[PDB]
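File shown: entry-v5.cif (mmCIF, C-alpha atoms).
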```cif
data_my_file
#
loop_
_atom_site.label_atom_id
_atom_site.label_comp_id
_atom_site.auth_asym_id
_atom_site.auth_seq_id
_atom_site.Cartn_x
_atom_site.Cartn_y
_atom_site.Cartn_z
CA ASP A 1 0.72 71.65 -1.37
CA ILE A 2 0.25 68.85 1.25
CA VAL A 3 0.35 65.34 -0.35
CA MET A 4 -1.66 62.40 1.14
CA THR A 5 -0.74 58.80 0.17
CA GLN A 6 -2.81 55.69 1.11
CA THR A 7 -0.49 52.76 2.04
CA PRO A 8 -2.94 50.02 0.78
CA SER A 9 -3.89 51.05 -2.80
CA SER A 10 -5.63 47.63 -3.10
CA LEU A 11 -6.00 44.59 -0.75
CA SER A 12 -7.99 41.31 -0.60
CA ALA A 13 -9.99 40.46 2.58
CA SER A 14 -12.91 38.05 3.38
CA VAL A 15 -16.12 38.93 5.33
CA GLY A 16 -15.70 39.53 9.10
CA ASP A 17 -11.97 40.31 8.66
CA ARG A 18 -10.33 43.23 10.56
CA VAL A 19 -8.92 45.77 8.01
CA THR A 20 -6.39 48.55 8.84
CA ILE A 21 -5.80 51.40 6.31
CA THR A 22 -2.77 53.74 6.76
CA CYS A 23 -2.66 57.35 5.43
CA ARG A 24 0.85 58.91 5.11
CA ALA A 25 1.51 62.70 5.13
CA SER A 26 4.80 64.46 4.18
CA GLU A 27 4.03 67.25 6.73
CA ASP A 28 2.34 67.20 10.20
CA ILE A 29 -1.53 67.23 10.07
CA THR A 30 -2.08 67.13 13.91
CA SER A 31 -5.81 66.17 13.74
CA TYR A 32 -7.07 67.23 10.26
CA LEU A 33 -8.04 64.12 8.23
CA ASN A 34 -11.48 63.29 6.74
CA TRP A 35 -12.39 59.72 5.61
CA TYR A 36 -14.87 59.25 2.71
CA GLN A 37 -16.36 55.91 1.50
CA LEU A 38 -17.03 55.87 -2.28
CA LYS A 39 -19.30 53.18 -3.82
CA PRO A 40 -19.61 53.16 -7.68
CA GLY A 41 -22.86 54.79 -8.92
CA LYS A 42 -23.29 56.88 -5.71
CA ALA A 43 -21.60 59.90 -4.00
CA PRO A 44 -18.84 59.42 -1.33
CA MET A 45 -20.11 59.24 2.31
CA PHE A 46 -18.41 60.94 5.32
CA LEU A 47 -17.02 58.38 7.84
CA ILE A 48 -14.59 60.12 10.29
CA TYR A 49 -14.09 63.90 10.85
CA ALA A 50 -10.61 65.05 12.09
CA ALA A 51 -9.62 61.31 12.14
CA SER A 52 -10.63 61.28 15.86
CA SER A 53 -14.47 61.42 15.90
CA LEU A 54 -16.90 59.06 14.06
CA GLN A 55 -19.44 60.91 11.83
CA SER A 56 -23.13 60.52 12.89
CA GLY A 57 -25.01 57.81 10.91
CA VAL A 58 -21.76 55.79 10.45
CA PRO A 59 -21.40 52.27 12.01
CA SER A 60 -19.26 51.82 15.20
CA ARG A 61 -17.02 49.24 13.41
CA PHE A 62 -15.42 52.12 11.41
CA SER A 63 -12.73 53.68 13.67
CA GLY A 64 -10.52 56.81 13.49
CA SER A 65 -6.95 56.48 14.85
CA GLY A 66 -3.46 58.05 14.47
CA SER A 67 -2.11 61.63 14.72
CA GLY A 68 0.14 64.04 12.75
CA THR A 69 1.84 62.45 9.69
CA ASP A 70 0.33 58.94 10.14
CA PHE A 71 -3.42 58.15 10.49
CA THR A 72 -5.12 54.69 10.59
CA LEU A 73 -8.72 53.63 9.69
CA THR A 74 -9.75 50.29 11.28
CA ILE A 75 -12.93 48.24 10.54
CA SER A 76 -13.57 45.51 13.17
CA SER A 77 -15.73 43.35 10.82
CA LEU A 78 -15.89 43.46 6.98
CA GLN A 79 -19.43 43.88 5.50
CA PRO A 80 -20.77 44.03 1.87
CA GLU A 81 -21.29 47.83 2.31
CA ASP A 82 -17.70 48.04 3.73
CA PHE A 83 -16.24 46.84 0.37
CA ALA A 84 -15.97 50.38 -1.12
CA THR A 85 -13.15 52.86 -2.01
CA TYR A 86 -11.69 54.77 1.02
CA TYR A 87 -10.17 58.29 0.72
CA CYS A 88 -8.16 60.23 3.37
CA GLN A 89 -8.07 64.03 2.75
CA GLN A 90 -5.95 66.60 4.66
CA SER A 91 -7.94 69.57 6.05
CA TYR A 92 -4.81 71.45 7.30
CA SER A 93 -3.91 73.21 3.99
CA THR A 94 -6.12 75.69 2.03
CA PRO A 95 -6.41 73.19 -0.94
CA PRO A 96 -7.43 69.70 0.37
CA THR A 97 -5.79 66.65 -1.32
CA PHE A 98 -7.54 63.22 -1.26
CA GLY A 99 -5.70 59.91 -0.61
CA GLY A 100 -4.78 57.37 -3.33
CA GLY A 101 -7.79 55.21 -2.36
CA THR A 102 -8.46 51.70 -0.94
CA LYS A 103 -10.18 48.91 -2.97
CA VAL A 104 -11.69 45.76 -1.31
CA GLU A 105 -12.95 42.65 -3.15
CA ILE A 106 -15.03 39.93 -1.39
CA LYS A 107 -13.32 36.51 -1.21
CA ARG A 108 -16.64 34.60 -0.77
CA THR A 109 -16.97 33.33 -4.40
CA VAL A 110 -14.12 31.08 -5.75
CA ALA A 111 -13.83 30.42 -9.53
CA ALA A 112 -11.32 28.84 -11.99
CA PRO A 113 -10.63 30.92 -15.18
CA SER A 114 -12.53 29.81 -18.34
CA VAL A 115 -11.27 31.01 -21.77
CA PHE A 116 -13.36 31.18 -25.01
CA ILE A 117 -12.43 32.42 -28.55
CA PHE A 118 -15.06 33.83 -30.99
CA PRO A 119 -14.43 34.42 -34.76
CA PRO A 120 -15.93 37.61 -36.37
CA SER A 121 -19.39 37.04 -37.97
CA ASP A 122 -20.05 37.57 -41.74
CA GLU A 123 -21.49 41.11 -41.17
CA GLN A 124 -18.15 42.18 -39.56
CA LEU A 125 -16.24 40.86 -42.64
CA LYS A 126 -18.57 42.72 -45.09
CA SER A 127 -18.34 45.93 -42.96
CA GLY A 128 -14.51 45.71 -43.24
CA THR A 129 -13.78 45.69 -39.48
CA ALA A 130 -12.83 42.21 -38.14
CA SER A 131 -12.82 41.81 -34.32
CA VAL A 132 -11.85 38.51 -32.59
CA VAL A 133 -13.23 38.19 -29.02
CA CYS A 134 -11.38 36.28 -26.26
CA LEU A 135 -13.77 35.76 -23.31
CA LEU A 136 -12.48 35.18 -19.74
CA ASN A 137 -15.29 34.03 -17.40
CA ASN A 138 -15.41 33.09 -13.67
CA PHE A 139 -11.75 33.94 -12.86
CA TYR A 140 -11.08 34.22 -9.07
CA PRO A 141 -7.95 36.53 -9.27
CA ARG A 142 -8.85 40.27 -9.48
CA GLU A 143 -6.30 40.91 -12.30
CA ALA A 144 -5.65 38.53 -15.25
CA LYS A 145 -2.68 39.06 -17.64
CA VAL A 146 -3.89 38.83 -21.30
CA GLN A 147 -1.54 38.63 -24.34
CA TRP A 148 -2.40 38.22 -28.08
CA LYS A 149 -0.10 36.16 -30.37
CA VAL A 150 -0.87 35.79 -34.13
CA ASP A 151 1.34 33.59 -36.41
CA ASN A 152 3.97 33.39 -33.57
CA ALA A 153 4.07 37.24 -33.38
CA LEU A 154 2.92 39.24 -30.29
CA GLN A 155 0.39 42.10 -30.90
CA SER A 156 0.31 45.19 -28.60
CA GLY A 157 -2.03 48.24 -28.65
CA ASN A 158 -4.48 46.69 -31.17
CA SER A 159 -6.44 44.98 -28.34
CA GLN A 160 -8.78 46.46 -25.66
CA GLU A 161 -9.96 44.99 -22.31
CA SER A 162 -13.55 45.45 -21.00
CA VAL A 163 -14.31 43.94 -17.54
CA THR A 164 -17.72 43.62 -15.78
CA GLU A 165 -17.97 44.40 -12.02
CA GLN A 166 -17.75 41.47 -9.53
CA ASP A 167 -20.58 38.91 -9.99
CA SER A 168 -20.93 38.73 -6.14
CA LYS A 169 -22.41 35.20 -6.55
CA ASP A 170 -18.80 33.93 -6.91
CA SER A 171 -17.24 37.40 -6.33
CA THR A 172 -15.40 37.02 -9.70
CA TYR A 173 -15.03 39.62 -12.53
CA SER A 174 -15.77 38.71 -16.20
CA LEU A 175 -13.35 40.10 -18.86
CA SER A 176 -13.78 40.26 -22.68
CA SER A 177 -10.78 41.17 -24.92
CA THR A 178 -11.26 42.22 -28.60
CA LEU A 179 -8.32 42.30 -31.09
CA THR A 180 -8.75 44.60 -34.15
CA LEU A 181 -6.55 44.28 -37.30
CA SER A 182 -6.55 45.96 -40.76
CA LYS A 183 -8.35 43.81 -43.40
CA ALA A 184 -5.16 43.15 -45.45
CA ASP A 185 -3.13 42.30 -42.29
CA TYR A 186 -6.03 40.19 -40.90
CA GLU A 187 -6.43 38.16 -44.14
CA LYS A 188 -2.69 37.26 -44.45
CA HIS A 189 -2.66 36.39 -40.69
CA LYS A 190 -3.81 32.80 -39.94
CA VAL A 191 -3.87 31.50 -36.32
CA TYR A 192 -5.09 34.08 -33.75
CA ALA A 193 -4.22 33.07 -30.16
CA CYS A 194 -5.15 34.73 -26.84
CA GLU A 195 -2.94 33.47 -23.96
CA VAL A 196 -3.80 34.44 -20.35
CA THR A 197 -1.27 34.28 -17.46
CA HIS A 198 -2.82 33.66 -13.99
CA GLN A 199 -0.97 33.30 -10.65
CA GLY A 200 -3.78 30.95 -9.51
CA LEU A 201 -3.70 28.90 -12.77
CA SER A 202 -0.83 26.34 -12.84
CA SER A 203 -0.05 27.01 -16.55
CA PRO A 204 -1.02 30.02 -18.78
CA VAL A 205 -3.66 28.67 -21.19
CA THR A 206 -3.63 29.47 -24.92
CA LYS A 207 -6.98 29.44 -26.68
CA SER A 208 -6.52 29.79 -30.44
CA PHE A 209 -8.36 29.53 -33.71
CA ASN A 210 -7.29 29.35 -37.35
CA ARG A 211 -8.37 32.05 -39.77
CA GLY A 212 -11.47 30.40 -41.23
CA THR B 68 -6.18 133.12 -2.48
CA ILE B 69 -4.18 132.42 -5.71
CA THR B 70 -4.35 129.92 -8.64
CA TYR B 71 -1.27 127.66 -9.13
CA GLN B 72 -0.36 125.12 -11.88
CA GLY B 73 1.27 121.87 -10.62
CA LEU B 74 0.96 118.07 -10.84
CA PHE B 75 -2.41 117.27 -9.14
CA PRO B 76 -5.00 114.40 -9.28
CA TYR B 77 -8.20 115.17 -11.29
CA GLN B 78 -11.40 115.62 -9.19
CA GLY B 79 -13.75 112.60 -9.03
CA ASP B 80 -10.83 110.15 -9.44
CA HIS B 81 -11.76 106.92 -7.58
CA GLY B 82 -8.16 105.73 -8.15
CA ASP B 83 -6.80 102.18 -7.68
CA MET B 84 -7.76 100.40 -4.41
CA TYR B 85 -5.22 98.01 -2.79
CA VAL B 86 -5.96 96.19 0.54
CA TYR B 87 -3.49 94.02 2.54
CA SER B 88 -5.00 90.87 4.16
CA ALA B 89 -4.01 88.35 6.90
CA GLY B 90 -2.44 85.10 5.59
CA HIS B 91 -4.05 81.65 5.98
CA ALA B 92 -3.28 80.32 9.49
CA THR B 93 -4.36 77.53 11.90
CA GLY B 94 -5.58 78.39 15.42
CA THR B 95 -2.00 78.66 16.80
CA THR B 96 0.17 78.08 13.66
CA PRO B 97 0.75 80.51 10.70
CA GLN B 98 0.20 78.81 7.27
CA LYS B 99 0.40 79.87 3.56
CA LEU B 100 0.46 83.66 2.83
CA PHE B 101 -2.81 85.22 1.50
CA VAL B 102 -2.15 87.97 -1.14
CA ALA B 103 -3.91 89.60 -4.15
CA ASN B 104 -2.77 89.75 -7.84
CA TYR B 105 -1.13 93.21 -7.33
CA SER B 106 2.37 91.90 -8.29
CA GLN B 107 1.20 90.94 -11.83
CA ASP B 108 -0.50 94.36 -12.33
CA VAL B 109 1.84 97.07 -13.78
CA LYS B 110 0.90 100.80 -14.11
CA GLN B 111 2.64 103.74 -15.90
CA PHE B 112 4.63 106.19 -13.68
CA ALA B 113 3.98 109.11 -16.10
CA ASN B 114 4.22 111.94 -13.49
CA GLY B 115 4.20 109.95 -10.22
CA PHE B 116 1.21 109.15 -7.94
CA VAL B 117 -0.49 110.32 -4.69
#
```
Could I get this file's structure written as structure tokens?
Amino acid sequence: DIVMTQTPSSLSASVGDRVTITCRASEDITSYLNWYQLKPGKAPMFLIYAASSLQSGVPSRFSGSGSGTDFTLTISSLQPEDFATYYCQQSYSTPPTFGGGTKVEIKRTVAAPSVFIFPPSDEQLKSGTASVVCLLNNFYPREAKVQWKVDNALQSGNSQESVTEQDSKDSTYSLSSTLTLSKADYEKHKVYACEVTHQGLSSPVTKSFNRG
Amino acid sequence: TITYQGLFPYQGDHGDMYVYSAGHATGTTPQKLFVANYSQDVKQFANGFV
């Protein structure tokens, strides 16, 4: 089956910035590529048909370019609507295959990462499930590395990461990490530390609390 | 006019229908072949077929 790969899986661009997206095909697709814009909570919208003609009801800034194996989608100016997933699908073969996808995040809001640690409340202790919450708020980088160290020992697979969508006021995601331990293991464990590594931050910060 | 006994199909036999079809193709370029599931199907050659 034909395979379509999107060269930019993810990229960062500000408003009014020209963006070029490249779709790569193992086999020739003369003029058979369809571009779809996907925004979360709504269906994908047709942008270019055959990679040569703009779909009706689509802004002129979106452009279809390229032929055969390589096709290019160019947006003259970035817009809030423009910041959505982009898919390139081959129409040449009987089964169409969509592209890897393009993700855009606004660079209008700038924030410095803030870390908070919350101990489990009494009801969690009586229930028998103890969850410690490390809260990352207002962090400018799209991805933040999070590690859990307890009593100088790293913990892996007992933590989960839940991240809200971009605030758009500062264009920064908010991430909460919860670490779950068995009651016997949790009680013997003392200091619980969540350390986050950020390329933007000069030094990874450790926010910790003692058991009790 | 005489009556003869020989291998013959029974009357009212619809039989098995097989149709060959054109493969998937672009306007000027041939593409993937289009075929049915006949290869998987196997039938008993008890006395042969017409």
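Our summary of the geometry notes that atom CA of residue 196 of chain A is positioned 28.6 Å from atom CA of residue 100 of chain A.
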Query raised in the report: Taking only C-alpha atoms into account, which residues of chain B are within 10 Å of chain A, as a ChimeraX atom specification?
Result: /B:91-93,98-99
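Counting only C-alpha atoms and comparing A:18, A:190, A:198, A:39, the residue that lies closest to residue 62 of chain A is A:18.
With only C-alpha atoms as the atoms that count, the minimum distance from residue 106 of chain A to the choices A:137, A:31, A:79, A:89 is reached by A:79.
In this structure, atom CA of residue 72 of chain A sits 20.1 Å away from atom CA of residue 57 of chain A.
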Query raised in the report: Where does the PyMOL selection byres ((chain A and resi 132) around 12) land in this file, that is, which residues does it pick, as a PyMOL selection string?
Result: chain A and resi 116-121+124-125+129-131+133-135+148+150+158-160+176-181+186+191-194+207-212
Could you state which residues are captured by the PyMOL selection byres ((chain A and resi 3-16) around 8) in this file, as a short mmCIF file (atom, residue, chain, number, x, y, z; two decimals) with C-alpha atoms, keeping the file's coordinate frame?
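Result went into result.cif, see below:
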```cif
data_model
loop_
_atom_site.label_atom_id
_atom_site.label_comp_id
_atom_site.auth_asym_id
_atom_site.auth_seq_id
_atom_site.Cartn_x
_atom_site.Cartn_y
_atom_site.Cartn_z
CA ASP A 1 0.72 71.65 -1.37
CA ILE A 2 0.25 68.85 1.25
CA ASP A 17 -11.97 40.31 8.66
CA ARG A 18 -10.33 43.23 10.56
CA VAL A 19 -8.92 45.77 8.01
CA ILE A 21 -5.80 51.40 6.31
CA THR A 22 -2.77 53.74 6.76
CA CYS A 23 -2.66 57.35 5.43
CA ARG A 24 0.85 58.91 5.11
CA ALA A 25 1.51 62.70 5.13
CA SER A 26 4.80 64.46 4.18
CA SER A 76 -13.57 45.51 13.17
CA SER A 77 -15.73 43.35 10.82
CA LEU A 78 -15.89 43.46 6.98
CA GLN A 79 -19.43 43.88 5.50
CA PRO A 80 -20.77 44.03 1.87
CA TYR A 87 -10.17 58.29 0.72
CA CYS A 88 -8.16 60.23 3.37
CA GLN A 89 -8.07 64.03 2.75
CA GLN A 90 -5.95 66.60 4.66
CA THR A 97 -5.79 66.65 -1.32
CA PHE A 98 -7.54 63.22 -1.26
CA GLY A 99 -5.70 59.91 -0.61
CA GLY A 100 -4.78 57.37 -3.33
CA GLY A 101 -7.79 55.21 -2.36
CA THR A 102 -8.46 51.70 -0.94
CA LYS A 103 -10.18 48.91 -2.97
CA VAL A 104 -11.69 45.76 -1.31
CA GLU A 105 -12.95 42.65 -3.15
CA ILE A 106 -15.03 39.93 -1.39
CA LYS A 107 -13.32 36.51 -1.21
CA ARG A 108 -16.64 34.60 -0.77
#
```
Report summary line: The distance between atom CA of residue 74 of chain A and atom CA of residue 60 of chain A is 10.4 Å
Query raised in the report: Mind telling me what the PyMOL selection byres ((chain B and resi 70-75) around 10) catches here, as number ranges by chain?
Result: B: 68-69, 76-78, 114-117
Query raised in the report: Between A:166, A:36, A:156, A:67, which one has atoms that come closest to residue 142 of chain A, using all atoms listed in the file?
Result: A:166
Report task. May I have the residues within 12 Å of segment 85-90 of chain B as an NGL selection string, using all atoms listed in the file and disregarding those fewer than 4 positions away in the same chain? Result -> (:A and (94)) or (:B and (96-106 or 108))
Keeping C-alpha atoms for every residue in the selection just given, could you write it to a file as a PDB file, keeping the file's coordinate frame?
```pdb
ATOM      1  CA  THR A  94      -6.120  75.690   2.030  1.00  0.00           C
TER       2      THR A  94
ATOM      3  CA  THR B  96       0.170  78.080  13.660  1.00  0.00           C
ATOM      4  CA  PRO B  97       0.750  80.510  10.700  1.00  0.00           C
ATOM      5  CA  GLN B  98       0.200  78.810   7.270  1.00  0.00           C
ATOM      6  CA  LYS B  99       0.400  79.870   3.560  1.00  0.00           C
ATOM      7  CA  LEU B 100       0.460  83.660   2.830  1.00  0.00           C
ATOM      8  CA  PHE B 101      -2.810  85.220   1.500  1.00  0.00           C
ATOM      9  CA  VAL B 102      -2.150  87.970  -1.140  1.00  0.00           C
ATOM     10  CA  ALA B 103      -3.910  89.600  -4.150  1.00  0.00           C
ATOM     11  CA  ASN B 104      -2.770  89.750  -7.840  1.00  0.00           C
ATOM     12  CA  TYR B 105      -1.130  93.210  -7.330  1.00  0.00           C
ATOM     13  CA  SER B 106       2.370  91.900  -8.290  1.00  0.00           C
ATOM     14  CA  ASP B 108      -0.500  94.360 -12.330  1.00  0.00           C
TER      15      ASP B 108
END
```
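Closest to residue 201 of chain A among A:144, A:84, A:50, A:184 is A:144, based on all atoms listed in the file.
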Query raised in the report: Of the residues A:40, A:30, A:115, A:126, which is the one nearest to residue 65 of chain A, using all atoms listed in the file?
Result: A:30
**Report entry** Which of A:206, A:182, A:152, A:199 sits closest to residue 136 of chain A [using all atoms listed in the file]
**Finding:** A:206
Repair of segment 162-189 of chain A at the level of N, CA and C atoms, as a compact mmCIF listing (two decimals), in the coordinates of the input:
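Output file part.txt is given in full below:
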```txt
# COMPACT_ATOMS: atom_id res chain seq x y z
N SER A 162 -12.33 44.93 -21.68
CA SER A 162 -13.55 45.45 -21.00
C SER A 162 -13.93 44.45 -19.91
N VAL A 163 -14.05 44.90 -18.66
CA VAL A 163 -14.31 43.94 -17.54
C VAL A 163 -15.59 44.32 -16.79
N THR A 164 -16.49 43.36 -16.58
CA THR A 164 -17.72 43.62 -15.78
C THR A 164 -17.36 43.70 -14.30
N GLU A 165 -18.21 44.33 -13.49
CA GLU A 165 -17.97 44.40 -12.02
C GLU A 165 -18.08 42.99 -11.43
N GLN A 166 -17.75 42.83 -10.14
CA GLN A 166 -17.75 41.47 -9.53
C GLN A 166 -19.16 40.88 -9.59
N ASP A 167 -19.27 39.59 -9.92
CA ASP A 167 -20.58 38.91 -9.99
C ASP A 167 -21.23 38.90 -8.61
N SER A 168 -20.43 38.76 -7.54
CA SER A 168 -20.93 38.73 -6.14
C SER A 168 -21.48 37.35 -5.80
N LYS A 169 -21.96 36.60 -6.80
CA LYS A 169 -22.41 35.20 -6.55
C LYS A 169 -21.14 34.38 -6.30
N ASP A 170 -20.10 34.61 -7.11
CA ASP A 170 -18.80 33.93 -6.91
C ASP A 170 -17.75 35.01 -6.62
N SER A 171 -18.17 36.27 -6.59
CA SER A 171 -17.24 37.40 -6.33
C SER A 171 -16.12 37.42 -7.38
N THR A 172 -16.45 37.10 -8.64
CA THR A 172 -15.40 37.02 -9.70
C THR A 172 -15.76 37.92 -10.89
N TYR A 173 -14.80 38.71 -11.37
CA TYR A 173 -15.03 39.62 -12.53
C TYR A 173 -15.10 38.82 -13.83
N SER A 174 -15.76 39.36 -14.86
CA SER A 174 -15.77 38.71 -16.20
C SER A 174 -15.10 39.66 -17.19
N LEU A 175 -14.11 39.19 -17.96
CA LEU A 175 -13.35 40.10 -18.86
C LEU A 175 -13.46 39.66 -20.32
N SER A 176 -13.75 40.59 -21.23
CA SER A 176 -13.78 40.26 -22.68
C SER A 176 -12.71 41.09 -23.40
N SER A 177 -11.86 40.45 -24.20
CA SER A 177 -10.78 41.17 -24.92
C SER A 177 -11.02 41.07 -26.43
N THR A 178 -11.02 42.21 -27.13
CA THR A 178 -11.26 42.22 -28.60
C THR A 178 -9.99 42.68 -29.31
N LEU A 179 -9.54 41.92 -30.32
CA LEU A 179 -8.32 42.30 -31.09
C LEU A 179 -8.76 42.80 -32.47
N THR A 180 -8.32 44.00 -32.86
CA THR A 180 -8.75 44.60 -34.15
C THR A 180 -7.54 44.71 -35.08
N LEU A 181 -7.67 44.24 -36.33
CA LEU A 181 -6.55 44.28 -37.30
C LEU A 181 -7.05 44.87 -38.62
N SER A 182 -6.15 45.44 -39.43
CA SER A 182 -6.55 45.96 -40.76
C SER A 182 -6.95 44.77 -41.64
N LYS A 183 -7.84 44.97 -42.62
CA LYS A 183 -8.35 43.81 -43.40
C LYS A 183 -7.20 43.07 -44.10
N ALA A 184 -6.27 43.81 -44.72
CA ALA A 184 -5.16 43.15 -45.45
C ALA A 184 -4.29 42.36 -44.46
N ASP A 185 -3.96 42.98 -43.32
CA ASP A 185 -3.13 42.30 -42.29
C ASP A 185 -3.91 41.10 -41.74
N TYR A 186 -5.21 41.28 -41.49
CA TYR A 186 -6.03 40.19 -40.90
C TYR A 186 -6.08 39.01 -41.87
N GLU A 187 -6.27 39.27 -43.16
CA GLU A 187 -6.43 38.16 -44.14
C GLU A 187 -5.14 37.34 -44.23
N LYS A 188 -3.98 38.00 -44.30
CA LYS A 188 -2.69 37.26 -44.45
C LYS A 188 -2.39 36.53 -43.13
N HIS A 189 -2.86 37.07 -42.00
CA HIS A 189 -2.66 36.39 -40.69
C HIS A 189 -3.54 35.14 -40.62
```
